[PDB]
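What follows is one structure encoded as structure tokens, with my remarks underneath.
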Amino acid sequence: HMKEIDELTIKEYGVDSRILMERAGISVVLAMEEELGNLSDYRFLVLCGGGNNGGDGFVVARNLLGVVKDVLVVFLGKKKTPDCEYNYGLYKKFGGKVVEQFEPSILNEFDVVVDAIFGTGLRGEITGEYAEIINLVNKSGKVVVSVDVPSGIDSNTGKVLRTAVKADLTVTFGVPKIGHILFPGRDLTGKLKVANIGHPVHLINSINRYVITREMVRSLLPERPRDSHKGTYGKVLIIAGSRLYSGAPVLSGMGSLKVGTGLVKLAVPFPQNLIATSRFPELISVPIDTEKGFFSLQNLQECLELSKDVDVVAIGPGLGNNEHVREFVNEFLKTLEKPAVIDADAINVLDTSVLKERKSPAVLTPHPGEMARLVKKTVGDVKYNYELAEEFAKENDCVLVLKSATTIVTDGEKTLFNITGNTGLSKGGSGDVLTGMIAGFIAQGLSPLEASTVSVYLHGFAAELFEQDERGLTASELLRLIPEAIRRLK
Amino acid sequence: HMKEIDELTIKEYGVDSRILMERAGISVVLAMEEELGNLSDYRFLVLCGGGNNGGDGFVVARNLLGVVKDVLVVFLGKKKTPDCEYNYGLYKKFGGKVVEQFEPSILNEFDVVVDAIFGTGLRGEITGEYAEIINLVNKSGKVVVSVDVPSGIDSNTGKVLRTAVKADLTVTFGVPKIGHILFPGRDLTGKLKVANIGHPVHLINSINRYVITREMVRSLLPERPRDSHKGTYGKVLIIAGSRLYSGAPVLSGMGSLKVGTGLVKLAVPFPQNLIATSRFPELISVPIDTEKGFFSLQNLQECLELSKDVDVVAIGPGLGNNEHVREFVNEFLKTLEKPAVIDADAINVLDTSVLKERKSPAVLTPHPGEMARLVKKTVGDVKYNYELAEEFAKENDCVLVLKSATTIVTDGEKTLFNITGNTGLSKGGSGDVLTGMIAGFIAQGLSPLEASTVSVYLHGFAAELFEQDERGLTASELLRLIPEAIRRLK
Amino acid sequence: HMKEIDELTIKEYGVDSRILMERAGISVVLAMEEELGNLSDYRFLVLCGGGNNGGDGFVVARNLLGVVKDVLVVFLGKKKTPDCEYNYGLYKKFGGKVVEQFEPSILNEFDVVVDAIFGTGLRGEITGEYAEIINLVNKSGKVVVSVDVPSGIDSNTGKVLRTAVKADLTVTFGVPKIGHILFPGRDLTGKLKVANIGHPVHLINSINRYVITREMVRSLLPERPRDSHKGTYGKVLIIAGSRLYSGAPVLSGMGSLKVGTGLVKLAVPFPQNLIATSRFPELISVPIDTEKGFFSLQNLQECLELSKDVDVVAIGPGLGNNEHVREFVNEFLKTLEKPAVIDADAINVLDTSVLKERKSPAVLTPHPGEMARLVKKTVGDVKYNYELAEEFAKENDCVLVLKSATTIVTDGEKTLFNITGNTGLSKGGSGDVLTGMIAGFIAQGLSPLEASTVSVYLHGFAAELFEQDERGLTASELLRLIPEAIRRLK
Amino acid sequence: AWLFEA
Amino acid sequence: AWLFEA
Amino acid sequence: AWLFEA
Amino acid sequence: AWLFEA
Ligand SMILES: Nc1ncnc2c1ncn2[C@@H]1O[C@H](COP(=O)(O)O)[C@@H](OP(=O)(O)O)[C@H]1O
Ligand SMILES: Nc1ncnc2c1ncn2[C@@H]1O[C@H](COP(=O)(O)O)[C@@H](OP(=O)(O)O)[C@H]1O
Ligand SMILES: Nc1ncnc2c1ncn2[C@@H]1O[C@H](COP(=O)(O)O)[C@@H](OP(=O)(O)O)[C@H]1O
Ligand SMILES: [K+]
Ligand SMILES: [K+]
Ligand SMILES: [K+]
């Protein structure tokens, strides 16, 4: 918690709470200037609650006095915390205007609304007059700058607490909060700036949940020693496909090759295996003889033999989901002593007891529907539920990659959030590519967690590099964009 | 005094002294970043005294911790004021290193020296170890950033107190200080940034001594109504020249015309009057018949007749200085009921009783040699002596324009400092141009003080627009550059 | 009068008055679009009087309905003319809003004010509520578009009728009106567009007072046959200067040379004649021996001898004005049988009987002070008084060039208005240049009227080509700019 | 140029 | 970068 | 311009 | 756009 970090910074380091509050407010002023240009032509409406978020607002309002066209504070609380009171007091000594009633037509006379109503740790549903004011600000068309978190977002979850401010700019302090990172909060945050307000860098660094950044991914990318050969860069087996789903294997395989893997082999039911090499002849696509077009226990021994000469096995994309696939998948993973990347239909039939028993590592890559089915909960209970994902990862000894617009990657100890990507990834085939990427990076020497971190980022970044409208992005185009994402990362 | 402004801001407005100190120090960090780029590659040596300047230094050092390559504070004082002590305490709690001995070789290990040794209001000559340290920093070749004022400059006068830091960058608070504006201090200041640290804008504005800025000159420049004629823009008489000094009249006259004056007439001894129209035939150059090539009382009545049909009279450039010139100048000014711009040899022969008796206004434009002779003091007693200039202006009911690299313009109530210009103005003819400019602006409707303010600025700015090396600038080239200075001002 | 042209177009050509009114209003809409871009984002306040100007306004308002953000008409009259009534009726049938009370705060809700209150032929001083409304529109800061003429300008004179609208854009019909061309009206007009609203081109052309345009000057400029010599391009004598005013001759002379004259001779009192060739050695500057530095009857015979071998004589600039100059000037012009260009001090001493008696032509070039003295009236009675100038020109058989920001050029039958130039011409020396230009063009073969028309235009256009701030323009710089003005004209 | 002289 | 992460 | 005059 | 759709 930043709440804890503020407390330690005040109580143990001895920084006056007022100094933190001053730094917070001036950082909002500087951020607005960076975004709007010269502030002197704008009229500012500052909405202050009674808490320290409001206190930060009074500092903003006071620092705009005499410099901008007009400033008014509407004070919406009933009582003020000590730092809010002190800064209210300064704003008034400096000649500032405060009113305590919100008049709908007051929005008419201002260009920018500074939302300092509620901050982090707000827990209750907003109703009554706070709601009305927030709804009026949202309909007003004005530029909205939110102090810390848009008022009405739960800063621990990203949920809207009945209603919430939609900001053009949010200025937060120290670190991004979970509510900036997860949706809907991420959407309501608008452009996010993270200000340094003077916390010791050691406390800022102690946070155990992180946003995955370019710099983090660049320092995890494996080295490519010049004197190398394909085995230097690992070997992947991908067990995938069926008579129903012949495309999945192809997309996973190329996903491994595009991130620099040395050798990729697919095991796919004949004749669907032939689809992959007609499209990308650099793939090895082994024909697996099946009774009805789906993997079954009769293919167990062939798949374990194929496994011996690879570094990692991805399983699941397009396998189908029937009882014989279920038997095969669970018996295979129980016997495979290689890292496993488990996706799609391998998740749908997975017996989670098998994961506890494995000595080798695993990465699971469910979307929330798949996660929901796996732990027997509703999609709504699991979506963006990073604590559930952490517990699952810790209990089953795996890395969990819970896919959504913000993807969560956790091994139960460390949790990372991915924010790259766009809606073109919301389309069949996208996940199959990511599964290949993750396997590939594990094969090249990254840990399951590192492989997942780099892969989710690059998969999202590749999507963003599509030249045309994102809704026209397809998995095949995404594959083409991977090596550009890699080059841009460096 | 800013000292007073800090006190009122703390004691009457209620801003915690620590909040002012925090804002000061972070403003230094931001300024250095603007100048150096990313700070993370630099090692910083911060030299802190015991006073609040040192306190500001501790804030700088503390805010660099964990962000830059290395930070060390050398604490040079013997005791610490309360805010310095508090910020020393924070720097140490944050993990910062302080030593109390300055080792000459310590400069070897750092890229930037932050000079927070002494601030404003230092009064005594620096000797002993402070001097040695300051001299070592000056020989070191490192980048030097001075907090408030370079240590060793007297912030009220700009004098060096035995020795002083030579800064690449100085970051001051609220307003520039006199010691940044006057030399040598102006030279030692290097690039000056003035930070807003949260004083009420009303107190910042109450300062009665100002630097002349572009924006101030732009808002004083007269209007040019389209439906106008030459009389709209005034008429100047310039009484100037002699058989010895035939060029002066020409340069003064064109100086009036280049700033937009409608009509300019010169009165110059025949045949030297003919020099002016051979060079600029738009001038009227009236031949004055003299006995020996110099104005005398025999020309009094002609000059007073010529005066009736003008708005302003400039007198002095190249008149010569002998007894008959003295009689003429004093009798003329005692009788002339028009504004007078008094320069050069008219200053040298001026009886200051005559100025007290005049009902009409005057501007005097001495360089320090001329000022020294006028009040019977040494050049050293008068140079940059803004209090003497104010008293003189107040006592004699005039505007005094005391020329030097920083020019002082005062009517005894308001005092303005000009910082435009370069060394190409240190050459004969330069002053003659300025005298014409001032007269011209008075003729166009500006007050003597306004006319002087706009003229010193534009005269200096024109010099800066010379395309080649400044030492090759001549008065004739300066005249050519005036209308460009004007266009650039708009 | 356009009033007459509208009547003939309706009554004799048979164009329905409503068709003229429709065309007028749509032309305002098109003009505003050209100036503002897309109109759809703007809210329009249209102020309509009761007359046909208001009728035009109703057409504007009606044509904006459904296309722009908001339209409101405030109807300020008491009764409506038939075409105003018809168009009010259409505006209402189309769903438009009209109110009849002007509320000061109504300006708050609109971006553009369309001023259709009064048009051309308004004769009375505006007082009462019309004044209040006009003053409110002027203080409002909104974009102001005036229909026909800014309300409150007398369209026959350009005078303000107590108060008047200051427009950003004025859209007039058929031809510019005198009130757009003369000040103050020219200033209040802002940018002027002249719309074709369907008058027969023959009636538009019948107007006997014209604005001098680029195209008119280009077609008057003389030809330069390749096989020519200096005599092809004429010879000018300029009789000018005195011991007091030695620069005038130089500026007039070069003014003749810069417009392409073949040979220019000056007659100037010795030794002031030597000033001209030291500056421009291409001039011939004849020394005239005088008793006291001024021309007198003793120089009559020399000047008439010099006159025989030239095509035109300019006389007046810097001659001085005393009795002997008066005798010389009048006796000379009474005897000179060459065209004469009469300026400055030759105007001041001119006996106008002499002009009636001359068989040869003349151009007189007074500024209003000189004109006032010449006809024994006040400056205010003569300034912009084109009817007085016409009568004077007709009665004295001359071309009169009455200098001001808008210059009037007339021979009593045809009257032309010049609008080129800027305030840098409001400075000594400017007129001396124009006098040379006019003489030069007469020498090259243009009639006195043609020579004056081309000269006033080019003199003004040269001023506009000055690269720096206009207030720094001097006559010497203007001379340099003449051949560029000429090149740009072609 | 048909509609406007400028 | 001292003040803001973006 | 909020923080610095230059 | 007031006069013409294109
Ligand atoms: N450029 C190279 N350098 C070193 N060894 C190579 C190589 N190319 C191939 N090999 C070796 O050839 C085998 C297959 O190569 P790769 O794995 O690159 O396909 C591996 O041997 P082993 O069978 O001894 O493990 C590897 O040692
Ligand atoms: N290029 C040329 N072509 C024709 N005639 C020229 C000439 N240059 C000079 N002249 C003649 O020389 C005399 C003076 O020339 P300009 O007037 O050009 O100075 C004039 O003669 P007249 O004395 O016969 O009139 C003119 O005819
Ligand atoms: N464009 C113009 N408009 C108005 N007045 C002008 C003018 N040009 C000249 N004058 C008048 O002519 C006289 C001399 O002009 P200027 O001062 O511009 O040289 C002044 O008159 P007075 O003698 O009535 O003061 C001034 O009024
Ligand atoms: K908030
Ligand atoms: K210092
Ligand atoms: K009108």
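Residues in the structure tokens are numbered from 1 in each chain, the chains being A, B, ... in the order shown, and ligands are numbered from 1 in the order shown.
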Taking only C-alpha atoms and all ligand atoms into account, which residues have an atom no farther than 9 Å from ligand 4? I'd like them as an mmCIF file with N, CA, C and O atoms, in the first residue's frame.
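Saved to selection_28.cif:
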data_model
loop_
_atom_site.group_PDB
_atom_site.id
_atom_site.type_symbol
_atom_site.label_atom_id
_atom_site.label_comp_id
_atom_site.auth_asym_id
_atom_site.auth_seq_id
_atom_site.Cartn_x
_atom_site.Cartn_y
_atom_site.Cartn_z
ATOM 1 N N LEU A 47 -12.662 20.615 -7.140
ATOM 2 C CA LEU A 47 -13.664 19.981 -6.313
ATOM 3 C C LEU A 47 -12.929 19.235 -5.212
ATOM 4 O O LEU A 47 -12.252 18.270 -5.491
ATOM 5 N N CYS A 48 -13.052 19.703 -3.965
ATOM 6 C CA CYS A 48 -12.290 19.157 -2.860
ATOM 7 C C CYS A 48 -13.204 18.421 -1.906
ATOM 8 O O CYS A 48 -14.254 18.946 -1.457
ATOM 9 N N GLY A 49 -12.807 17.195 -1.571
ATOM 10 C CA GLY A 49 -13.428 16.524 -0.443
ATOM 11 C C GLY A 49 -12.738 16.954 0.841
ATOM 12 O O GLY A 49 -11.797 17.823 0.843
ATOM 13 N N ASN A 53 -7.016 13.903 -0.127
ATOM 14 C CA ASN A 53 -7.138 14.130 -1.526
ATOM 15 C C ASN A 53 -7.620 15.547 -1.719
ATOM 16 O O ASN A 53 -7.057 16.329 -2.527
ATOM 17 N N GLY A 54 -8.612 15.925 -0.929
ATOM 18 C CA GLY A 54 -9.050 17.330 -0.964
ATOM 19 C C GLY A 54 -7.964 18.304 -0.564
ATOM 20 O O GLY A 54 -7.825 19.407 -1.149
ATOM 21 N N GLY A 57 -5.943 19.002 -3.343
ATOM 22 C CA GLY A 57 -6.687 19.947 -4.176
ATOM 23 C C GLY A 57 -6.535 21.403 -3.748
ATOM 24 O O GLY A 57 -6.387 22.282 -4.569
ATOM 25 N N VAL A 114 -10.705 20.125 -11.648
ATOM 26 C CA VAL A 114 -9.712 19.375 -10.911
ATOM 27 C C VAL A 114 -10.497 18.535 -9.907
ATOM 28 O O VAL A 114 -11.175 19.071 -9.038
ATOM 29 N N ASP A 115 -10.441 17.215 -10.063
ATOM 30 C CA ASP A 115 -11.249 16.288 -9.260
ATOM 31 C C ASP A 115 -10.398 15.858 -8.070
ATOM 32 O O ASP A 115 -9.560 14.962 -8.194
ATOM 33 N N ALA A 116 -10.586 16.526 -6.925
ATOM 34 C CA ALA A 116 -9.915 16.152 -5.691
ATOM 35 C C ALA A 116 -10.968 15.765 -4.635
ATOM 36 O O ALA A 116 -10.819 16.043 -3.440
ATOM 37 N N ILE A 117 -12.000 15.067 -5.068
ATOM 38 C CA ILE A 117 -13.106 14.695 -4.178
ATOM 39 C C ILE A 117 -12.741 13.514 -3.279
ATOM 40 O O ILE A 117 -12.686 13.656 -2.058
ATOM 41 N N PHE A 118 -12.453 12.360 -3.875
ATOM 42 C CA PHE A 118 -12.009 11.170 -3.104
ATOM 43 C C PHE A 118 -10.701 10.601 -3.633
ATOM 44 O O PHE A 118 -10.413 10.601 -4.857
ATOM 45 N N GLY A 119 -9.917 10.033 -2.734
ATOM 46 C CA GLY A 119 -8.689 9.371 -3.204
ATOM 47 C C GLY A 119 -8.697 7.856 -3.085
ATOM 48 O O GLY A 119 -9.724 7.180 -3.296
ATOM 49 N N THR A 120 -7.531 7.335 -2.745
ATOM 50 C CA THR A 120 -7.319 5.920 -2.656
ATOM 51 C C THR A 120 -7.980 5.353 -1.378
ATOM 52 O O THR A 120 -8.369 6.070 -0.469
ATOM 53 N N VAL A 145 -9.024 16.678 -14.689
ATOM 54 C CA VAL A 145 -7.773 16.217 -14.133
ATOM 55 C C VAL A 145 -8.100 15.650 -12.788
ATOM 56 O O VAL A 145 -8.602 16.377 -11.928
ATOM 57 N N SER A 146 -7.799 14.361 -12.588
ATOM 58 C CA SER A 146 -8.043 13.709 -11.302
ATOM 59 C C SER A 146 -6.765 13.600 -10.434
ATOM 60 O O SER A 146 -5.681 13.189 -10.893
ATOM 61 N N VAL A 147 -6.908 14.024 -9.186
ATOM 62 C CA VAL A 147 -5.856 13.944 -8.221
ATOM 63 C C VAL A 147 -5.856 12.539 -7.627
ATOM 64 O O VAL A 147 -6.882 12.089 -7.062
ATOM 65 N N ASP A 148 -4.716 11.864 -7.786
ATOM 66 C CA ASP A 148 -4.467 10.485 -7.281
ATOM 67 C C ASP A 148 -5.160 9.336 -8.046
ATOM 68 O O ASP A 148 -4.496 8.560 -8.723
ATOM 69 N N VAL A 149 -6.472 9.256 -7.937
ATOM 70 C CA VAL A 149 -7.295 8.297 -8.685
ATOM 71 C C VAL A 149 -8.591 9.042 -9.003
ATOM 72 O O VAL A 149 -9.072 9.859 -8.198
ATOM 73 N N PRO A 150 -9.140 8.800 -10.174
ATOM 74 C CA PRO A 150 -10.465 9.329 -10.433
ATOM 75 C C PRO A 150 -11.449 8.961 -9.308
ATOM 76 O O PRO A 150 -11.565 7.780 -8.933
ATOM 77 N N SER A 151 -12.132 9.968 -8.757
ATOM 78 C CA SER A 151 -13.016 9.770 -7.631
ATOM 79 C C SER A 151 -14.115 8.788 -7.961
ATOM 80 O O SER A 151 -14.815 8.961 -8.941
ATOM 81 N N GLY A 152 -14.245 7.740 -7.159
ATOM 82 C CA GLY A 152 -15.197 6.684 -7.429
ATOM 83 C C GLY A 152 -14.590 5.384 -7.934
ATOM 84 O O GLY A 152 -15.284 4.377 -7.980
ATOM 85 N N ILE A 153 -13.303 5.388 -8.286
ATOM 86 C CA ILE A 153 -12.615 4.140 -8.563
ATOM 87 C C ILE A 153 -12.076 3.572 -7.253
ATOM 88 O O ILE A 153 -11.483 4.300 -6.455
ATOM 89 N N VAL A 165 -15.558 9.429 -11.738
ATOM 90 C CA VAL A 165 -15.109 10.464 -12.626
ATOM 91 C C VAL A 165 -14.379 9.847 -13.812
ATOM 92 O O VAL A 165 -13.574 8.944 -13.635
ATOM 93 N N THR A 170 -4.794 11.849 -15.038
ATOM 94 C CA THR A 170 -4.721 11.480 -13.630
ATOM 95 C C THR A 170 -3.274 11.601 -13.193
ATOM 96 O O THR A 170 -2.355 11.154 -13.901
#
Find the residues near residue 3 (chain E): any atom within 9 Å, counting only C-alpha atoms, skip ones fewer than 5 places away on the same chain, and give them as a PyMOL selection string. (chain A and resi 27+194-197) or (chain B and resi 30)
Can you write out the residues you just picked, keeping C-alpha atoms, as a PDB file, in the first residue's frame?
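File selection_10.pdb, as written:
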ATOM      1  CA  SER A  27       3.149  17.939  -9.090  1.00  0.00           C
ATOM      2  CA  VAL A 194       3.251   9.077 -11.714  1.00  0.00           C
ATOM      3  CA  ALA A 195       4.866  11.843  -9.653  1.00  0.00           C
ATOM      4  CA  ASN A 196       7.814  11.569  -7.304  1.00  0.00           C
ATOM      5  CA  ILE A 197       6.636  13.417  -4.093  1.00  0.00           C
TER       6      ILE A 197
ATOM      7  CA  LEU B  30      14.273  20.646 -11.790  1.00  0.00           C
TER       8      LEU B  30
END
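Running DSSP on the backbone gives alpha helix (DSSP H) for these residues within region 416-449 of chain B: residues 430, 431, 432, 433, 434, 435, 436, 437, 438, 439, 440, 441, 442, 443, 448 and 449 of chain B.
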Ligand 1: which residues are within 12 Å, counting only C-alpha atoms and all ligand atoms? Reply as a ChimeraX atom specification. /A:225-236,261-264,309-311
Distance limit 6 Å, atoms considered: only C-alpha atoms. Which chain B residues sit that close to chain C? Return them as a PyMOL selection string. chain B and resi 227+229-230+258-260+262-263+277-278+281-282+284+286+483-484+487
Atoms kept (C-alpha atoms) for selection, written as a PDB file, in the first residue's frame:
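Result file is out_35.pdb:
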ATOM      1  CA  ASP B 227      -5.000  57.874 -39.666  1.00  0.00           C
ATOM      2  CA  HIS B 229       0.558  62.353 -39.866  1.00  0.00           C
ATOM      3  CA  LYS B 230       4.010  63.328 -38.843  1.00  0.00           C
ATOM      4  CA  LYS B 258      14.509  55.157 -36.260  1.00  0.00           C
ATOM      5  CA  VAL B 259      12.163  54.826 -33.248  1.00  0.00           C
ATOM      6  CA  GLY B 260       9.277  56.437 -35.175  1.00  0.00           C
ATOM      7  CA  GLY B 262       7.696  62.341 -36.969  1.00  0.00           C
ATOM      8  CA  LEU B 263      10.144  65.205 -37.399  1.00  0.00           C
ATOM      9  CA  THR B 277      22.071  65.896 -44.399  1.00  0.00           C
ATOM     10  CA  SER B 278      24.788  64.597 -46.645  1.00  0.00           C
ATOM     11  CA  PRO B 281      18.793  63.874 -46.048  1.00  0.00           C
ATOM     12  CA  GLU B 282      15.583  63.191 -44.107  1.00  0.00           C
ATOM     13  CA  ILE B 284      16.637  68.939 -40.940  1.00  0.00           C
ATOM     14  CA  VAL B 286      19.841  74.029 -39.145  1.00  0.00           C
ATOM     15  CA  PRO B 483      13.650  48.795 -36.553  1.00  0.00           C
ATOM     16  CA  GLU B 484      14.420  45.081 -36.427  1.00  0.00           C
ATOM     17  CA  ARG B 487       9.710  44.298 -34.987  1.00  0.00           C
TER      18      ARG B 487
END
What residues in chain D have any atom no more than 7 Å from chain C when counting only C-alpha atoms, and can you write them as a PyMOL selection string? chain D and resi 3-6
In Å, rounded to a single decimal, give me how far CA of residue 144 (chain C) is from CA of residue 85 (chain C). 24.1 Å
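A straight line drawn from CA of residue 138 (chain C) to CA of residue 109 (chain C) is 15.7 Å long.
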What's around residue 1 (chain F) at 9 Å? Count only C-alpha atoms, leave out sequence neighbours fewer than 6 positions away in its own chain, and write the answer as a list in words. residues 33, 38 and 39 of chain A
Which distance in Å separates CA of residue 332 (chain B) and CA of residue 351 (chain B), to one decimal? 11.6 Å
Which neighbours of residue 84 (chain B) fall inside 10 Å, counting only C-alpha atoms, when residues of the same chain fewer than 5 positions from it are skipped, and could you give them as a PyMOL selection string? chain B and resi 18+21+48-59+79+89-90
